[PDB]
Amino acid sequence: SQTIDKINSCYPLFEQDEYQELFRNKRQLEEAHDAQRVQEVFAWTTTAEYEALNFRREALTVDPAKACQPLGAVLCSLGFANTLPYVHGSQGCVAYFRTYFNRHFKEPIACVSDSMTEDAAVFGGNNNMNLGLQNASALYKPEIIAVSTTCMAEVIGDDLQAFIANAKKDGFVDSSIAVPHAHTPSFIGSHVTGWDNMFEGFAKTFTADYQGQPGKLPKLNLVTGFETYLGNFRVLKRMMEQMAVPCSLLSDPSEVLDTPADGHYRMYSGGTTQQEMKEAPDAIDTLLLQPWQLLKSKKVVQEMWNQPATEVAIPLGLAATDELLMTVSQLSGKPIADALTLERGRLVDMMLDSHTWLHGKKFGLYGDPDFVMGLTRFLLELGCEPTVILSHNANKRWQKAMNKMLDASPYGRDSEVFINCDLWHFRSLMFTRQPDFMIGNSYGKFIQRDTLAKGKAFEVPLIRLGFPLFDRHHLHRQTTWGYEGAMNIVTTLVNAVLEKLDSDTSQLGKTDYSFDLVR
């Protein structure tokens, strides 16, 4: 039942008495385990004996914290001008990639498939590739068609390079259109690997025949890798402009993922121009801002472009941003802008104002390897303890480097780093190690729910930082890098602490002796 003046959606409609009885009555027909048994099993999953069994897994994966290569290749491709991502292979993949980015960015995502089916499974997808490049060119008129693969095309061994060579010899795709390509096998690496593989494809396509000279142009190239905060592309362009140091981001989807709602759909908008990618080899140097995933990128820079590839850390937090600015200054010969020094000092001030609420807080965190490394380093700088650090797609060399950095800090003494482990592993850790909060993406909401069900004292609240963020709006517009980004982070961490403390102290007559007005 509904009233005309008080329409309820699903929640809280199903809380009504009639549906609670419907549920009670449906339950007799499902042969449900009894309540007591389900409670016993739930409690058992919160214990250290269960955690032990959970860490014995060697085959089963439950609630992974990573996606497949081609997703990353699509995102890299979207960052170049007038580019259409094209995933050679099965069409279900593309429907999913588009949806996954649609829900995080709340924006339209252009990507096509060449729809390989059972017929292509025996003949190979060459006819699909020819006809697919022809149709895509006609309908969508891109300057660039950026080709990646699905797992079906990888398993059958489609010879991508030969297929596109035929399409161009045989007139399926005009000579005007560039067609960079990369193999992006889903059963290797993750979405961050696909981004790097796609980047490599663009470098080969646009500069493999150039005779470059580092420093012909007095600029720096910046490479982000897989990055889903629009603010981070914009902050880097802003900081470089304040340094007065020419710069090109190589792959920048921040304009096509933020077009205006003005009556017109714009498929293409902004992005790195062909001129920016072709003149890359003449820059002073290219800085690879997520080092752990830009592996093939680092080889382009050093081996193809003969540039230094000056190591930099992800520019997250106060010391990593100082290091990026010092690197830009010493490579460029230009002084750090007073506006950037001023900004630094404002961030320091925020850190000092808020240090008594963060000091000694214990956090669990998960995400991609560069992000986790940078966030962990910044928590250490804040006097916080990153007690449970997980990166499902990190490798052992990354884990050694994490442990070295934790070992050198007072705040990393109780910290444990886990790779090749998923969110069901992370759930056990939240019940066993009980940090104060957890930092992660929207899949973390299910762990917060599970911890709360053990009790209000066991709840570990989620702080949303990462990808994907599907259950809050417009967090993709934030910045997490540079000093602007560090201010956002500090602000999110200390207000998470305060919101949780106000909740804990808001019981009238019971815990509100400490419901203070001033914090």
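Start at 1 and count along the sequence shown; that's the residue number.
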| item | value |
| --- | --- |
| Mean temperature factor over C-alpha atoms, higher-scoring stretch between 59-67 and 27-35 | 27-35 |
| Segment of higher mean CA temperature factor, 118-126 or 284-292 | 118-126 |
| Candidate residues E303, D368, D436, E241, the one whose C-alpha B factor the record puts highest | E303 |
| Per the PDB entry, maximal CA B factor within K106, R449, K396, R413 | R413 |
| Position of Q275 among the chain's modelled residues by C-alpha B-factor, lowest, middle or highest third | middle |
| Record-listed C-alpha B factor of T492: chain third | lowest |
| Among modelled residues of the same chain, the CA temperature factor third for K216 | highest |
| Third assignment of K168 from its chain's C-alpha B-factors | highest |
| Entry-reported Cα temperature factor of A43, expressed as the chain third it lands in | highest |
